[PDB]
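Protein chains in written order, with the authors' numbering: chain J, 1 to 41; chain 4, 81 to 290; chain 8, 56 to 270; chain F, 63 to 226; chain a, 55 to 248. What follows is a set of notes on a single structure, which appears directly below.
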Ligand code: CLA
Ligand code: CLA
Ligand code: CLA
Ligand SMILES: CC(/C=C/C=C(C)/C=C/[C@@]12O[C@]1(C)C[C@@H](O)CC2(C)C)=C\C=C\C=C(C)\C=C\C=C(C)\C=C\[C@@]12O[C@]1(C)C[C@@H](O)CC2(C)C
Ligand SMILES: CC(/C=C/C=C(C)/C=C/[C@@]12O[C@]1(C)C[C@@H](O)CC2(C)C)=C\C=C\C=C(C)\C=C\C=C(C)\C=C\[C@@]12O[C@]1(C)C[C@@H](O)CC2(C)C
């Protein structure tokens, strides 16, 4: 599956994994920390 | 790494404790003295902590021995951990300052012979008195040996000094840990362990204190 | 070479002879911050001074802290010694910080110029005869001269011992100050008070009994 | 009150707008059974709403005549009056991540230029090289100023022009 | 040479043996370069001169009974009427401040940047002692010794007044009165705990 891992390392597959990662990071943040308009403490 | 006496007879010894240092048995399981420039400092430190601990045990037991026998001292029966509160002809600050000036003389005189041996054996003000040349650091001799010892069988005497000194360092650590738990005189701990030796071990005092 | 992880490939710029002969090199740079050799030369200075100021600060926290909890001092908490000692003070804090930044900037800019070019402050005619003892040693970060009064540098043996003792006590004190700040934020008590609270109940009073290891 | 404004914990249009949103949620809630699944989500929306108003009034945001929080985007009016978390703290919390990505992509380009053919590792990204540069790019401003002091951040007039 | 300051220790190479007041005492290598040693051999003598004059002035006020060295510049605040041998001085602060700024600079700048001399023969020896034949270095050694002791004495004056708030004689009498309760340790300053 070395060719399958080179397919997993192509541009749109990395794009759709990394954008789901950076989407579902910010989404879990806005679940556990609702409505951040201002930098609080 | 020879037929030397050993702390554990049979095991290997790391080899740098051959017998040149007085009263060695190869006991260094943490391997501290690998660099010999640390080992020389550790030898002088064991001599100094040992001689002050021998003076400590002789100055803790003997006042308590003559207190429990009973003389008429101004300080008699006072604890060694309570002699600081006891008042004297001067308050303790002047005592500490005189101490930290006299030992500031003596310790630097000793340290200059540590960093260059044989180079402090002449007085400042009376430049005719001297210690005899050929002494090692830790053992000055001369006026520090007024009774004519160390003129034969010096290795056995150094081994006696370091054995009594290691025993007295353990005794002073005992004085600390055995005056901090039960809070009594260290001779009145021997009195209780001779009153009933079985009904007061360290374990029963620990479990009663727990 | 006694690495921080025994099985890791040490970064190759921490295995150069310039970097292996450096104080406290345990092969620890997992984020590649010193890959340029002059970046490493700058950050070695930054580590020495972040660690010496931390050793001075952590000593000034826990030596009077342990001498407060054992009596014969009444030094307050380190997070309270700015609130107090401004009343027992000849000056307010603003003038004091201004004098502080002048007296410290005169030192720190001379150190800046010595790091950017070694032996800079030793050129004659700078001070009034004092500049001759300001070349430092052959390596930067360890000046000596007036900064070694007891004379522990005139050995050339056990010198890496003194270097590594300074670096390890300094890294431990930097972790201790990051501690002091964090164990203040977490429970609002003092550091020796937190040590007593851990030593009276270790298995229940720790950083798993507050809101900072939260699931 | 910096520029004709008012604290949101002081203004009444802010509290009136909170009561307006809670009134809409309440008249929306009045249709359902009290323990059903829509009513739980509506009360959770009310709880998030009230927590949002409490934490906007707590941080000292400035309301206007409209009753809406405002952002003072000037240091020296945010640092002096305690509004640095509005713009002045996230204007570096952004730029750390911006220069982070701009440094990671820069180093991924420069570390793939000197190969056999670079373009194949731009449509097919070398993932261990990418994750190595992702982790070790954490100190990017440090490495950026150390690269600027060389002149290895810029390139000289070896660049490609037309006809000056 | 004539002295070793810590016996057994070696003398540094950058201290000349014919130099007056030599002991080898330079643990910082602070005068290693010869230009810095030439500046410091001039400045130590002048610190010793002005400290001998300072300790003589700080002791003669109390041995003549006119307050101390500390409160002698205390008329400029809370009143006036400075004295000297009991004789009044009708001068305010700014006039004598300007006279000390001007009339001393006309001798200091005449001394300093007109060379680097520290023992000028001629008018500064009216009686005649230093003909530089045989008794030059002996008198220079006595001057250095007495001046170093005077610098130590004035730093002791400063620390003694900063710790006890008294004068030199006013606490030398207490050290002679209670020798074991009137030293540098019974105050709560110099020794922090005991
Ligand atoms: C450039 C224009 C712009 C700006 C400045 C903003 C600004 C904002 N928007 Mg907005 N928005 C915009 C355009 C913009 N938006 C557009 C175009 C839309 C339509 C798509 C929206 C739709 C929108 C919605 C629907 C919401 C916002 C929200 C917000 C707030 C952000 C709260 C948040 O998510 O915190 C994020 C805070 C962080 C600290 C994230 C940083 C990430 C981590 C913590 C740092 C990294 C840590 C670690 C190293 C990561 C691990 C790495 C991993 C590999 C292990 C903020 C006021 C939210 C809000 O509350 O409104 C006020 C909200 O609900 N916006
Ligand atoms: C306006 C008048 C005037 C002028 C032009 C000079 C000019 C000079 N004096 Mg002079 N002097 C004056 C008034 C003056 N003085 C007065 C009124 C006194 C008596 C108080 C002296 C006492 C005096 C001594 C004792 C010496 C000089 C020296 C010098 C020369 C060195 C120049 C220098 O470094 O500046 C000095 C500029 C300064 C800003 C001085 C800094 C403050 C000093 C260091 C005192 C601080 C003490 C402090 C406690 C120690 C530092 C902290 C420490 C604890 C870590 C120069 C020719 C020296 C010399 O000839 O060197 C060879 C020397 O040895 N003078
Ligand atoms: C010179 C060594 C020495 C000696 C002779 C004693 C003697 C004594 N200790 Mg003690 N102790 C010592 C060192 C010593 N201690 C040290 C170093 C510590 C610190 C950990 C303590 C801490 C301590 C506590 C906390 C208690 C005692 C108690 C006692 C007494 C009862 C014995 C007991 O319960 O076992 C205690 C034995 C030990 C703690 C182990 C000591 C280990 C030594 C160093 C090895 C043995 C030395 C040698 C081979 C044989 C010694 C005899 C010889 C010197 C003549 C007894 C008088 C108890 C007491 O006062 O009740 C009456 C008690 O509660 N001791
Ligand atoms: C300087 C310092 C503290 C100094 C403290 C001082 C002066 C305190 C003074 C006071 O207390 C007193 C005296 C009295 C109080 O009343 C007043 C104050 C003023 C409060 C702490 C440093 C603290 C510094 C710390 C904790 C630094 C930690 C850095 C780490 C761990 C980085 C590791 C890495 O960078 C490497 C090494 C390699 C990369 O590849 C990987 C990573 C992981 C990125
Ligand atoms: C102590 C001192 C200098 C100390 C410096 C020392 C020890 C440095 C030693 C070292 O550098 C060496 C040698 C070698 C290096 O390798 C190591 C160290 C160890 C670093 C100078 C004092 C110098 C002190 C001086 C010059 C004092 C002069 C005093 C005057 C003029 C007083 C005048 C008045 O008292 C009257 C007359 C009347 C009053 O009413 C009014 C006033 C004004 C108060």
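Just so it is clear, CB atoms sit at the ideal spot from N, CA and C, and this is done for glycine as well.
Chain-ordered chain 8 contacts of residue i [CB-CB under 7 Å]
i                     : result
residue 93 (chain F)  : Within chain 8, no residue comes near residue 93 (chain F); the closest Cβ sits about 37 Å away, beyond 7 Å.
residue 204 (chain F) : 88
residue 200 (chain F) : 86
Chain-ordered chain F contacts of residue i [CB-CB under 7 Å]
i                    : result
residue 91 (chain 8) : 208
Integer-rounded CB distance, given that residue j should sit under 8 Å from residue i
i                     : j                     : result
residue 114 (chain F) : residue 34 (chain J)  : 7 Å
residue 273 (chain 4) : residue 264 (chain 4) : In fact, because the Cβ distance is near 11 Å, the residues do not count as touching under 8 Å.
residue 75 (chain 8)  : residue 96 (chain 8)  : Not a contact, Cβ separation roughly 14 Å.
residue 94 (chain a)  : residue 102 (chain a) : Residue 94 (chain a) to residue 102 (chain a), Cβ: 12 Å. No contact.
residue 190 (chain F) : residue 37 (chain J)  : Not quite, the Cβ-Cβ distance comes to about 39 Å (not below 8 Å), so this is no contact.
residue 204 (chain 8) : residue 91 (chain a)  : That pair is no contact at about 19 Å.
Neighbour-count burial assignment, residue i, 16 or more Cβ in a 10 Å radius
i                     : result
residue 62 (chain 8)  : exposed
residue 76 (chain F)  : buried
residue 104 (chain 4) : buried
residue 188 (chain a) : exposed
residue 123 (chain a) : buried
residue 100 (chain 4) : exposed
residue 106 (chain 8) : buried
residue 84 (chain 8)  : buried
residue 117 (chain 8) : buried
residue 229 (chain 8) : buried
residue 73 (chain F)  : buried
In DSSP terms, what residue i is bridged to
i                     : result
residue 137 (chain a) : 142 (chain a)
residue 91 (chain 4)  : 89 (chain 4)
residue 71 (chain 8)  : DSSP, once it has assigned bridges, lists no residue as partnering residue 71 (chain 8).
residue 216 (chain 4) : 219 (chain 4)
residue 10 (chain J)  : 186 (chain F)
residue 197 (chain 4) : Residue 197 (chain 4) pairs with nothing; no bridge assigned.
residue 69 (chain F)  : 124 (chain F)
residue 132 (chain F) : 124 (chain F)
Span separating the alpha-carbon of residue i from that of residue j
i                     : j                     : result
residue 91 (chain F)  : residue 248 (chain 8) : 51 Å
residue 139 (chain 8) : residue 174 (chain 8) : 42 Å
residue 74 (chain a)  : residue 133 (chain 4) : 47 Å
residue 11 (chain J)  : residue 181 (chain F) : 12 Å
residue 127 (chain a) : residue 174 (chain a) : 32 Å
residue 200 (chain a) : residue 157 (chain 4) : 52 Å
residue 266 (chain 8) : residue 206 (chain a) : 59 Å
residue 88 (chain 8)  : residue 225 (chain F) : 41 Å
residue 31 (chain J)  : residue 25 (chain J)  : 10 Å
residue 114 (chain a) : residue 170 (chain 4) : 32 Å
residue 117 (chain 4) : residue 218 (chain 8) : 16 Å
residue 369 (chain 4) : residue 191 (chain 4) : Because residue 369 (chain 4) is not part of the residues shown, which for chain 4 are 81 to 290, the question remains open.
residue 15 (chain J)  : residue 186 (chain F) : 11 Å
residue 60 (chain a)  : residue 212 (chain a) : 27 Å
residue 150 (chain a) : residue 227 (chain a) : 34 Å
residue 166 (chain F) : residue 92 (chain 8)  : 20 Å
residue 244 (chain 8) : residue 112 (chain 8) : 18 Å
Residue i: contacting residues in chain J (beta-carbon distance under 9 Å)
i                     : result
residue 168 (chain F) : Within 9 Å Cβ-Cβ: nothing; residue 168 (chain F) doesn't reach chain J, min ~18 Å.
Within chain F, the residues that residue i reaches when beta carbons sit closer than 9 Å
i                    : result
residue 11 (chain J) : 184, 185, 186, 187
Under 7 Å by beta carbon: chain a residues contacting residue i
i                     : result
residue 171 (chain 4) : 235, 240
residue 131 (chain 8) : Simply none; closest approach about 17 Å.
Within chain a, the residues that residue i reaches when beta carbons sit closer than 9 Å
i                     : result
residue 200 (chain 4) : 61, 62
Contacts that residue i makes with chain J (C-beta to C-beta distance below 7 Å)
i                     : result
residue 148 (chain F) : 38
Interface partners of residue i on chain 4, CB under 7 Å
i                     : result
residue 245 (chain a) : 173, 176, 177
Per-residue contacts from residue i into chain F (C-beta, under 8 Å)
i                    : result
residue 11 (chain 8) : Given a span of 56 to 270 for chain 8 in the structure shown, any question on residue 11 (chain 8) remains unanswerable.
Within the structure, which residues are defined as neighbours of ligand 6 by a Cβ-heavy atom distance below 7 Å, reported in chain order?
No copy of ligand 6 occurs in the structure displayed; its ligands are ligand 1, ligand 2, ligand 3, ligand 4 and ligand 5 alone.
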